[PDB]
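A.B. asks: Encoded as structure tokens, here's the structure I'll be asking about.
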Amino acid sequence: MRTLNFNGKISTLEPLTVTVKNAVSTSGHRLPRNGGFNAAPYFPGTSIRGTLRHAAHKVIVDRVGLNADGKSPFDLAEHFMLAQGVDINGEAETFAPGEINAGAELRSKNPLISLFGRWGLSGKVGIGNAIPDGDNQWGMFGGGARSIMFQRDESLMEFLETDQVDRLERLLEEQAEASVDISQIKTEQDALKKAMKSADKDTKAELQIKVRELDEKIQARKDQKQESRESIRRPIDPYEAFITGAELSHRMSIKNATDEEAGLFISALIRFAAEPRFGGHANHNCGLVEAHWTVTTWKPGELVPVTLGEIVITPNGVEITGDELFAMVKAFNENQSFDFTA
Amino acid sequence: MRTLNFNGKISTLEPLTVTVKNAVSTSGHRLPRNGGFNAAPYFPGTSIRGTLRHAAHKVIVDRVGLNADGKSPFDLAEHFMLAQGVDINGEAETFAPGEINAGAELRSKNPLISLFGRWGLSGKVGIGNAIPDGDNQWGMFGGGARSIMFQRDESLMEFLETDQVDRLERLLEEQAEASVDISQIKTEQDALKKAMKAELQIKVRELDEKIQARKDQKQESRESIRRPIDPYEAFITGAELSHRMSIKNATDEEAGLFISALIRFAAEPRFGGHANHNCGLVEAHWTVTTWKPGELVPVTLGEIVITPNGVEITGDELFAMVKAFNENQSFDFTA
Amino acid sequence: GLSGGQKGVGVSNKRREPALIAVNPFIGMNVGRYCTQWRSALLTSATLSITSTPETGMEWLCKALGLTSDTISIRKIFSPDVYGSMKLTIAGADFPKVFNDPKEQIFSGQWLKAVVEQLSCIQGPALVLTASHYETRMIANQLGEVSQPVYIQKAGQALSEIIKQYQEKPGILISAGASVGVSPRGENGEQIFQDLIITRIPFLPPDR
RNA sequence: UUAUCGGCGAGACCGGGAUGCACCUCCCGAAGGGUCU
DNA sequence: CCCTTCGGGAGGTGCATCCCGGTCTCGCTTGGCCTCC
DNA sequence: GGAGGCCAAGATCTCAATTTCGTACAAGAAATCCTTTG
């Protein structure tokens, strides 16, 4: 049981994006800003932690193996416990006096749950935020516009029947008329929305009410439309993401990591390297990363750390350096005494 | 059941451009920048993805075939769902109970929607952005100006009738008058902009509406003819753009469909736009590499090279994927 | 820039060139050195004393020019026992808040309405002294003709023009913070503003 | 300023779990041309 | 020494946790009992 | 044997429940502007 600190850097082979509910606002998709609005953005440690937790869950699924039809022995509740730490069965207390010492045996027999904790049990693995090293390493990506296929290319018209061509005609006519109507609704409702700024606090409620009914009017105008519900022609708003090649300093810590727990974490990193995807917008191939981490241990009471080795994840492969990390991976792979159905 | 990563390069046979709405400002058309104004421009993954999705859709309708008159059996909603990913009928929703475990059967029956996904259905194909390898390799192309044909070459005077000659002279004189008026009004607008708020913006809108009305007080020639053309930013010919796609958890059928769509795209290797200037033509080579999860290194399944001389595919894995997609008759795209 | 003072953006008086302005953080005491170079300097002003107590309402110069106890020879506040007559009207605590949202510089409609009403209640020539030109704009837009000629100080307009125009035809004169030490004379020495209306105290913005 | 004088103090980890993601080609058109050992 | 285009359009939805565990004191005087001198 | 210290015991009872500064300003000059233009 020793602490392992993975200090390293993540290069972004492709743009790296995430949508945190608090971070996003009415303006559009934005990364959390590591502070106030204009502060430098960071990739959440939450998305990284969830990605690696799912990778570890798949590692454990493969290690236990699948029956001939390809299903896992684990119950669905066990899948949720392992990868998301939700006990749907409906019993996991925290201060259970009888669970005071059951944590040790549970951790020994369930390396994944020890590594990634659960409700009531601390998680030995702590994945920090990824913060860009330099400046201007982020920007708006993926912005575009959904267009009508038959209007961009006319060769698709010879595929449609006359009745279907009429359907497209009605679709476009409904689009135009409902869009001008919705634009008028939008302009009048933002006309009174800017009066919110200088309004009596009592009148602010009335302004909010009027905005809400105008939004309901927008919804009704979209509902009365028959051919389509949402407009085919539309500008797709861009999302904020780290640039390609962006170098983000990253920090992780497995506190009091056993050999098997650290081995499981390294196996999770290895399996993650197969699909090195962090965050969202899989379309546009966002999330591909090339991450290298130096694993350093620190025996308590010592004045300096010891660099056990380096974990380098590249599109060309996963390089494990240092005999200690190989030993941890081998110990995890060779320890058959794990019970994840706890 | 493997995740295929297509890593490679796109060489630019003719300049490659894209008009991203957020990228382009009133200053001028600019390629979408990889962070800030001064970073290296990239070609969006969105345009590549849309082009290859339309290619895959054409592959699917060709494979399904047409009737005697030459009509696709699909309907408008099916066409849009396949290539556009938009449910005309509105019968799509995310996180819907009941769709649970319909993903596998739907993907098997509809490889295209499995690849590119739909609203609420994750798309297996992720089409990265094109990043130039070296510095430079981008610049302003197009430019030039539309001009009055009739003052450049004069043989057309022998074609036009006298009444049409009078019409042309009236057009030229009235466009000169409109040009001087618009130059004066735009200089006034620029000076007012240099002066500096909501009332000022309203005045600007009113002045723009007056400009539009002046352009509407034009009997024949409302749009100016002898007008400069704003250049569009693009990547230079021969620009090497590093490109990364990935089919996540792709079946043999899905990957085969993707390779077929790649071939059909290579039929007309156009990306982005300015097709008038033949922009978008590209030759691309991609090493397809799989990575069995748990393994330390990936294995190269093969290579696909797109070139005007042809499409080369090497590695029996890619041939097997294409043959599996073609042979599988159990696809149902009319879902 | 960072070490001391204020940063900003400048447009040169001639040729209108863009510039990035900074504040010299050690020339603040050089002016005090320059004053002390004279045999005996006297700084006198009508508003130099923040408070009525000399030895506690004068530290703004003591610190601004860097004057320590070496240069505090005398600190005295002299005001006339009776000079003119002053009636005072004030907005009580229940008066509407000036800014509904001061971060975005949004004047509350209630306060603007009350200011417009009170200005319309005047019956003689008056000098309204706003803080911002934006506030001048908003009160001018909300306010209309009240039987009293209105006059406005456009942003950047030299106060001489507005004051000369308002002198011949007195009445409501809205002036922004541009006027710091210029009062409108009645062109013969007589007072031509029975009312001096400070719409809002010219609070300085936060300097983060 | 109806008297005189008087530290309130000492101890505590609040922590434990979570991928926010899922779909969109922004394209549509133009000769910048002509004058001088 | 020309002359700077049109507008299209701007999302649908999810889901918003559980639980601990809230202290001693002492603001005076006296005698009984314990060891100390 | 007396004379310091440490502890226990002695009557019942006093009332009361709390919520987040300030908003926008800019004059006559050595200047460097400058240096022109050439």
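Identifiers in the structure tokens: chain A, B, ... in order shown; residue index from 1 per chain; ligand index from 1 in order shown.
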Please identify all polymer residues within 10 Å of residue 63 in chain C, counting only C-alpha atoms (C1' of nucleotides), omitting same-chain residues fewer than 4 positions from it, and present them as a list in words.
C.D. replies: residues 28, 29, 58, 59, 67 and 68 of chain C
A.B. asks: Please, could you write that set of residues out with N, CA, C and O atoms as a JSON list (two decimals), in the first residue's frame?
C.D. replies:
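Contents of again_20.json, as written:
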```json
[["chain", "number", "residue", "atom", "x", "y", "z"],
["C", 28, "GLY", "N", 4.68, 59.68, -8.73],
["C", 28, "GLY", "CA", 3.73, 60.32, -7.84],
["C", 28, "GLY", "C", 4.40, 61.17, -6.78],
["C", 28, "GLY", "O", 3.84, 62.18, -6.35],
["C", 29, "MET", "N", 5.59, 60.76, -6.34],
["C", 29, "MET", "CA", 6.36, 61.56, -5.39],
["C", 29, "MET", "C", 7.27, 62.56, -6.09],
["C", 29, "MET", "O", 7.75, 63.49, -5.44],
["C", 58, "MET", "N", -7.20, 65.37, 4.94],
["C", 58, "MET", "CA", -6.18, 65.84, 4.02],
["C", 58, "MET", "C", -5.20, 64.76, 3.59],
["C", 58, "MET", "O", -4.30, 65.05, 2.79],
["C", 59, "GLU", "N", -5.35, 63.53, 4.08],
["C", 59, "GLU", "CA", -4.36, 62.51, 3.76],
["C", 59, "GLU", "C", -4.35, 62.12, 2.29],
["C", 59, "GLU", "O", -3.41, 61.44, 1.86],
["C", 67, "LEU", "N", 3.84, 63.00, 0.41],
["C", 67, "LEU", "CA", 4.30, 63.88, 1.48],
["C", 67, "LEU", "C", 4.20, 63.17, 2.82],
["C", 67, "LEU", "O", 3.10, 62.81, 3.26],
["C", 68, "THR", "N", 5.35, 62.95, 3.46],
["C", 68, "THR", "CA", 5.40, 62.47, 4.84],
["C", 68, "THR", "C", 5.44, 63.68, 5.77],
["C", 68, "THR", "O", 5.27, 64.83, 5.33]]
```
A.B. asks: Return as a ChimeraX atom specification the residues belonging to chain A that are within 7 Å of chain B, counting only C-alpha atoms.
C.D. replies: /A:14,136-140,142-144,158-161,164,227-229,243,270-271,274,282-286,316-318
A.B. asks: Could you check how far CA of residue 321 in chain B sits from CA of residue 55 in chain B, in Å to one decimal?
C.D. replies: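 Atom-to-atom, CA of residue 321 in chain B to CA of residue 55 in chain B, that is 17.4 Å.
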A.B. asks: I'd like the interatomic distance between CA of residue 312 in chain A and CA of residue 273 in chain A, to a tenth of an Å.
C.D. replies: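 For CA of residue 312 in chain A relative to CA of residue 273 in chain A, the distance reads 9.5 Å.
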A.B. asks: Enumerate as an MDAnalysis selection string all residues of range 88-332 of chain B assigned to helix (DSSP H, G or I) by DSSP on the backbone, naming them with the chain letters and numbers the document uses.
C.D. replies: chainID B and resid 102:109 111:116 149:152 155:158 162:195 198:216 252:267 275:277 316:327
A.B. asks: Enter the distance from CA of residue 290 in chain A to CA of residue 130 in chain A, in Å, rounded to one decimal.
C.D. replies: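 CA of residue 130 in chain A lies 12.9 Å from CA of residue 290 in chain A.
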A.B. asks: Please provide the set of residues having any atom within 10 Å of residue 26 in chain C, restricted to only C-alpha atoms (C1' of nucleotides), with same-chain residues fewer than 3 positions apart removed, written as a PyMOL selection string.
C.D. replies: chain C and resi 3-5+23+29-31+66
A.B. asks: Deliver the residues from the most recent selection as a file, using N, CA and C atoms, as a tab-separated table (two decimals), in the first residue's frame.
C.D. replies:
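And here is the file that came out, result_7.tsv:
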```
chain	number	residue	atom	x	y	z
C	3	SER	N	2.80	46.89	-11.95
C	3	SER	CA	3.42	47.23	-10.67
C	3	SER	C	2.60	48.25	-9.89
C	4	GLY	N	2.03	49.23	-10.59
C	4	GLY	CA	1.26	50.25	-9.91
C	4	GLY	C	0.47	51.13	-10.84
C	5	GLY	N	-0.73	51.51	-10.41
C	5	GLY	CA	-1.57	52.41	-11.16
C	5	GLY	C	-2.65	51.71	-11.96
C	23	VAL	N	0.35	53.69	-16.12
C	23	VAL	CA	0.58	54.73	-15.12
C	23	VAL	C	1.96	54.53	-14.53
C	29	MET	N	5.59	60.76	-6.34
C	29	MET	CA	6.36	61.56	-5.39
C	29	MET	C	7.27	62.56	-6.09
C	30	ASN	N	7.52	62.38	-7.39
C	30	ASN	CA	8.35	63.34	-8.10
C	30	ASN	C	7.69	64.71	-8.15
C	31	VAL	N	6.36	64.76	-8.26
C	31	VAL	CA	5.68	66.05	-8.23
C	31	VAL	C	5.84	66.70	-6.86
C	66	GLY	N	2.98	61.70	-1.88
C	66	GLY	CA	4.02	61.08	-1.09
C	66	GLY	C	4.51	61.90	0.08
```
A.B. asks: If DSSP is run on the backbone, what residues of range 166-270 of chain A are strand (DSSP E)? A reply as a short mmCIF file (atom, residue, chain, number, x, y, z; two decimals) with N, CA, C and O atoms, in the first residue's frame would be ideal.
C.D. replies:
```cif
data_model
loop_
_atom_site.label_atom_id
_atom_site.label_comp_id
_atom_site.auth_asym_id
_atom_site.auth_seq_id
_atom_site.Cartn_x
_atom_site.Cartn_y
_atom_site.Cartn_z
N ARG A 234 -30.63 24.92 -40.47
CA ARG A 234 -30.34 25.56 -39.19
C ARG A 234 -28.84 25.71 -39.00
O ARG A 234 -28.10 24.76 -39.31
N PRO A 235 -28.34 26.83 -38.48
CA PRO A 235 -26.92 26.89 -38.12
C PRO A 235 -26.65 26.10 -36.85
O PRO A 235 -27.29 26.32 -35.82
N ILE A 236 -25.69 25.18 -36.92
CA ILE A 236 -25.26 24.41 -35.76
C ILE A 236 -24.25 25.24 -34.98
O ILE A 236 -23.18 25.57 -35.50
N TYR A 239 -19.05 24.46 -30.43
CA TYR A 239 -18.77 24.09 -29.05
C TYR A 239 -17.33 24.46 -28.72
O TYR A 239 -16.44 24.40 -29.57
N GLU A 240 -17.10 24.82 -27.46
CA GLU A 240 -15.77 25.22 -27.03
C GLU A 240 -14.95 23.98 -26.70
O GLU A 240 -15.41 23.09 -25.98
N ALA A 241 -13.73 23.91 -27.24
CA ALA A 241 -12.90 22.73 -27.11
C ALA A 241 -11.44 23.13 -27.19
O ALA A 241 -11.09 24.15 -27.78
N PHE A 242 -10.58 22.30 -26.60
CA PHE A 242 -9.15 22.54 -26.66
C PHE A 242 -8.63 22.28 -28.06
O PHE A 242 -9.12 21.41 -28.78
N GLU A 247 -1.50 20.95 -25.04
CA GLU A 247 -0.83 20.23 -23.97
C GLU A 247 -1.48 20.62 -22.65
O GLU A 247 -1.43 21.79 -22.26
N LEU A 248 -2.08 19.65 -21.97
CA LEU A 248 -2.77 19.87 -20.71
C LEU A 248 -2.03 19.12 -19.61
O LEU A 248 -1.86 17.91 -19.70
N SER A 249 -1.61 19.85 -18.58
CA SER A 249 -0.99 19.21 -17.43
C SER A 249 -2.06 18.46 -16.65
O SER A 249 -3.13 19.00 -16.36
N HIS A 250 -1.77 17.20 -16.33
CA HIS A 250 -2.72 16.33 -15.66
C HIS A 250 -2.06 15.65 -14.47
O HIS A 250 -0.87 15.32 -14.49
N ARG A 251 -2.86 15.45 -13.43
CA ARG A 251 -2.40 14.93 -12.15
C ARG A 251 -3.41 13.94 -11.62
O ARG A 251 -4.61 14.24 -11.57
N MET A 252 -2.94 12.76 -11.24
CA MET A 252 -3.77 11.74 -10.62
C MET A 252 -3.04 11.22 -9.39
O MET A 252 -1.82 11.32 -9.30
N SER A 253 -3.80 10.64 -8.47
CA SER A 253 -3.20 10.08 -7.26
C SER A 253 -3.99 8.87 -6.81
O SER A 253 -5.18 8.99 -6.52
N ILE A 254 -3.34 7.72 -6.74
CA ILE A 254 -3.88 6.54 -6.09
C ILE A 254 -3.33 6.53 -4.67
O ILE A 254 -2.14 6.26 -4.47
N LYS A 255 -4.17 6.85 -3.70
CA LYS A 255 -3.74 6.93 -2.31
C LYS A 255 -3.67 5.55 -1.69
O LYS A 255 -4.66 4.81 -1.69
N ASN A 256 -2.51 5.20 -1.14
CA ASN A 256 -2.29 3.90 -0.50
C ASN A 256 -2.64 2.77 -1.45
O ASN A 256 -3.40 1.85 -1.13
N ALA A 257 -2.07 2.84 -2.65
CA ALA A 257 -2.40 1.91 -3.71
C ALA A 257 -1.71 0.57 -3.48
O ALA A 257 -0.48 0.52 -3.35
#
```
A.B. asks: Using only C-alpha atoms (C1' of nucleotides), select each residue of chain D with any atom at most 8 Å away from an atom of chain A, and give the selection as a count of residues only.
C.D. replies: 10
A.B. asks: Which residues of chain F are close to chain C, meaning at most 8 Å apart when you count only C-alpha atoms (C1' of nucleotides), and how do they look as a PyMOL selection string?
C.D. replies: chain F and resi 22-26
A.B. asks: Keeping only N, CA and C atoms (P, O5', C5', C4', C3', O3' and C1' of nucleotides), take the residues you just selected and write them out as a PDB file, in the first residue's frame.
C.D. replies:
```
ATOM      1  P    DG F  22     -23.283  50.522  -2.895  1.00  0.00           P
ATOM      2  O5'  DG F  22     -21.858  51.218  -3.081  1.00  0.00           O
ATOM      3  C5'  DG F  22     -21.783  52.580  -3.464  1.00  0.00           C
ATOM      4  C4'  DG F  22     -20.918  52.751  -4.698  1.00  0.00           C
ATOM      5  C3'  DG F  22     -21.521  52.205  -5.996  1.00  0.00           C
ATOM      6  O3'  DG F  22     -21.864  53.280  -6.855  1.00  0.00           O
ATOM      7  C1'  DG F  22     -19.187  51.707  -5.782  1.00  0.00           C
ATOM      8  P    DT F  23     -22.384  52.987  -8.345  1.00  0.00           P
ATOM      9  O5'  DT F  23     -21.046  52.682  -9.165  1.00  0.00           O
ATOM     10  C5'  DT F  23     -20.240  53.748  -9.635  1.00  0.00           C
ATOM     11  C4'  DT F  23     -20.395  53.916 -11.136  1.00  0.00           C
ATOM     12  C3'  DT F  23     -21.830  53.882 -11.633  1.00  0.00           C
ATOM     13  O3'  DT F  23     -22.034  54.812 -12.729  1.00  0.00           O
ATOM     14  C1'  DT F  23     -20.643  51.926 -12.366  1.00  0.00           C
ATOM     15  P    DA F  24     -21.314  54.638 -14.160  1.00  0.00           P
ATOM     16  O5'  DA F  24     -19.757  54.826 -13.850  1.00  0.00           O
ATOM     17  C5'  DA F  24     -19.264  56.099 -13.444  1.00  0.00           C
ATOM     18  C4'  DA F  24     -18.370  56.713 -14.514  1.00  0.00           C
ATOM     19  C3'  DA F  24     -19.078  57.156 -15.781  1.00  0.00           C
ATOM     20  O3'  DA F  24     -18.285  58.132 -16.452  1.00  0.00           O
ATOM     21  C1'  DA F  24     -17.801  55.214 -16.221  1.00  0.00           C
ATOM     22  P    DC F  25     -18.377  58.312 -18.047  1.00  0.00           P
ATOM     23  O5'  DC F  25     -17.536  59.641 -18.324  1.00  0.00           O
ATOM     24  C5'  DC F  25     -17.751  60.792 -17.524  1.00  0.00           C
ATOM     25  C4'  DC F  25     -16.546  61.072 -16.645  1.00  0.00           C
ATOM     26  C3'  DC F  25     -15.235  61.220 -17.386  1.00  0.00           C
ATOM     27  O3'  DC F  25     -15.105  62.542 -17.871  1.00  0.00           O
ATOM     28  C1'  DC F  25     -14.956  59.938 -15.381  1.00  0.00           C
ATOM     29  P    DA F  26     -15.520  62.887 -19.383  1.00  0.00           P
ATOM     30  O5'  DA F  26     -14.328  63.810 -19.905  1.00  0.00           O
ATOM     31  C5'  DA F  26     -13.867  64.887 -19.106  1.00  0.00           C
ATOM     32  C4'  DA F  26     -12.390  64.730 -18.804  1.00  0.00           C
ATOM     33  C3'  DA F  26     -11.510  64.553 -20.029  1.00  0.00           C
ATOM     34  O3'  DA F  26     -11.070  65.820 -20.489  1.00  0.00           O
ATOM     35  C1'  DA F  26     -11.060  62.824 -18.467  1.00  0.00           C
TER      36       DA F  26
END
```
A.B. asks: Listing only residues of chain E within 12 Å of chain B, what is the closest atom pair and its distance in Å (to one decimal) for each, using only C-alpha atoms (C1' of nucleotides), sorted by chain and residue number ascending, as a Markdown table?
C.D. replies:
```
| residue | atom | partner | partner_atom | distance |
| --- | --- | --- | --- | --- |
| E:2 | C1' | B:226 | CA | 7.2 |
| E:3 | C1' | B:227 | CA | 4.4 |
| E:4 | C1' | B:228 | CA | 5.4 |
| E:5 | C1' | B:223 | CA | 6.4 |
| E:6 | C1' | B:223 | CA | 8.7 |
| E:8 | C1' | B:21 | CA | 11.7 |
| E:9 | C1' | B:21 | CA | 11.7 |
| E:10 | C1' | B:21 | CA | 11.5 |
| E:11 | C1' | B:119 | CA | 9.8 |
| E:12 | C1' | B:93 | CA | 7.6 |
| E:13 | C1' | B:94 | CA | 6.3 |
| E:14 | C1' | B:95 | CA | 6.9 |
| E:15 | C1' | B:95 | CA | 10.9 |
```
A.B. asks: Take the residues from that selection and write them out as a tab-separated table (two decimals), in the first residue's frame, keeping N, CA and C atoms (P, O5', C5', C4', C3', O3' and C1' of nucleotides).
C.D. replies:
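Saved as part31.tsv:
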```
chain	number	residue	atom	x	y	z
E	2	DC	P	-13.20	55.49	-60.90
E	2	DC	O5'	-13.18	54.16	-60.00
E	2	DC	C5'	-14.40	53.57	-59.54
E	2	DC	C4'	-15.13	52.87	-60.68
E	2	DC	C3'	-15.85	51.60	-60.28
E	2	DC	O3'	-16.96	51.36	-61.14
E	2	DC	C1'	-14.05	51.04	-61.68
E	3	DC	P	-18.39	52.00	-60.82
E	3	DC	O5'	-18.89	51.19	-59.54
E	3	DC	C5'	-19.43	49.89	-59.70
E	3	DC	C4'	-18.86	48.93	-58.67
E	3	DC	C3'	-19.07	49.33	-57.21
E	3	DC	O3'	-19.80	48.31	-56.52
E	3	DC	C1'	-16.86	48.57	-57.58
E	4	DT	P	-20.49	48.61	-55.11
E	4	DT	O5'	-20.13	47.33	-54.23
E	4	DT	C5'	-20.31	46.02	-54.77
E	4	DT	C4'	-19.70	44.97	-53.87
E	4	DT	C3'	-20.12	45.08	-52.40
E	4	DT	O3'	-20.45	43.79	-51.88
E	4	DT	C1'	-17.75	45.15	-52.57
E	5	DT	P	-21.42	43.66	-50.60
E	5	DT	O5'	-22.70	42.90	-51.18
E	5	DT	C5'	-23.55	43.54	-52.12
E	5	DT	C4'	-24.45	42.54	-52.82
E	5	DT	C3'	-25.09	41.50	-51.91
E	5	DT	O3'	-26.29	42.01	-51.33
E	5	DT	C1'	-24.22	40.46	-53.89
E	6	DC	P	-26.64	41.77	-49.77
E	6	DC	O5'	-27.80	40.68	-49.80
E	6	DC	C5'	-29.03	40.97	-50.45
E	6	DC	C4'	-29.51	39.77	-51.24
E	6	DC	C3'	-29.80	38.53	-50.41
E	6	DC	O3'	-31.13	38.54	-49.93
E	6	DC	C1'	-28.46	37.96	-52.30
E	8	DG	P	-33.99	34.12	-45.40
E	8	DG	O5'	-32.92	33.21	-46.17
E	8	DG	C5'	-33.35	32.06	-46.93
E	8	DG	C4'	-33.14	30.76	-46.16
E	8	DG	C3'	-33.47	30.82	-44.68
E	8	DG	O3'	-33.89	29.54	-44.20
E	8	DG	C1'	-31.14	30.53	-44.93
E	9	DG	P	-35.45	29.14	-44.27
E	9	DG	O5'	-36.03	29.50	-42.82
E	9	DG	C5'	-35.28	30.28	-41.89
E	9	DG	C4'	-34.40	29.40	-41.03
E	9	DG	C3'	-34.00	30.00	-39.70
E	9	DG	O3'	-35.09	29.93	-38.73
E	9	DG	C1'	-32.11	28.98	-40.73
E	10	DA	P	-35.38	28.61	-37.85
E	10	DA	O5'	-34.19	28.60	-36.79
E	10	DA	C5'	-33.80	27.39	-36.17
E	10	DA	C4'	-32.56	27.61	-35.32
E	10	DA	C3'	-32.81	28.32	-33.99
E	10	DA	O3'	-32.58	27.43	-32.90
E	10	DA	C1'	-30.89	29.20	-35.13
E	11	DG	P	-33.40	27.57	-31.52
E	11	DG	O5'	-34.13	26.16	-31.38
E	11	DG	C5'	-33.58	25.03	-32.03
E	11	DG	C4'	-34.31	23.76	-31.62
E	11	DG	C3'	-34.25	23.45	-30.13
E	11	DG	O3'	-35.49	23.77	-29.50
E	11	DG	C1'	-33.25	21.66	-31.39
E	12	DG	P	-35.77	23.33	-27.98
E	12	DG	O5'	-36.19	21.79	-28.09
E	12	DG	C5'	-37.35	21.41	-28.81
E	12	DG	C4'	-37.34	19.93	-29.14
E	12	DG	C3'	-37.08	19.01	-27.96
E	12	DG	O3'	-38.30	18.69	-27.29
E	12	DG	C1'	-35.66	18.41	-29.77
E	13	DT	P	-38.51	19.10	-25.75
E	13	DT	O5'	-37.64	18.03	-24.95
E	13	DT	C5'	-37.89	16.65	-25.12
E	13	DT	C4'	-36.85	15.82	-24.40
E	13	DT	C3'	-36.70	16.13	-22.91
E	13	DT	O3'	-37.44	15.20	-22.13
E	13	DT	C1'	-34.57	15.77	-24.01
E	14	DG	P	-37.51	15.37	-20.53
E	14	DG	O5'	-36.25	14.55	-20.00
E	14	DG	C5'	-36.14	13.16	-20.27
E	14	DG	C4'	-34.86	12.59	-19.70
E	14	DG	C3'	-34.61	12.90	-18.22
E	14	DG	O3'	-33.91	11.84	-17.60
E	14	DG	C1'	-32.87	13.80	-19.48
E	15	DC	P	-34.69	10.50	-17.18
E	15	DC	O5'	-34.59	10.51	-15.59
E	15	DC	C5'	-35.07	11.63	-14.87
E	15	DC	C4'	-33.93	12.40	-14.21
E	15	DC	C3'	-34.36	13.33	-13.09
E	15	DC	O3'	-34.20	12.70	-11.82
E	15	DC	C1'	-32.58	14.22	-14.46
```
A.B. asks: Looking at only C-alpha atoms (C1' of nucleotides), which of D:22, D:4, D:35, D:28 is the one that sits closest to chain B?
C.D. replies: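 Using only C-alpha atoms (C1' of nucleotides), the shortest distance to chain B belongs to D:22.
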A.B. asks: Might you pull out every residue within 10 Å of range 78-87 of chain C, with only C-alpha atoms (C1' of nucleotides) counted and same-chain residues fewer than 3 positions away left off, and present them as a PyMOL selection string?
C.D. replies: chain C and resi 46+49+52+54+194-195
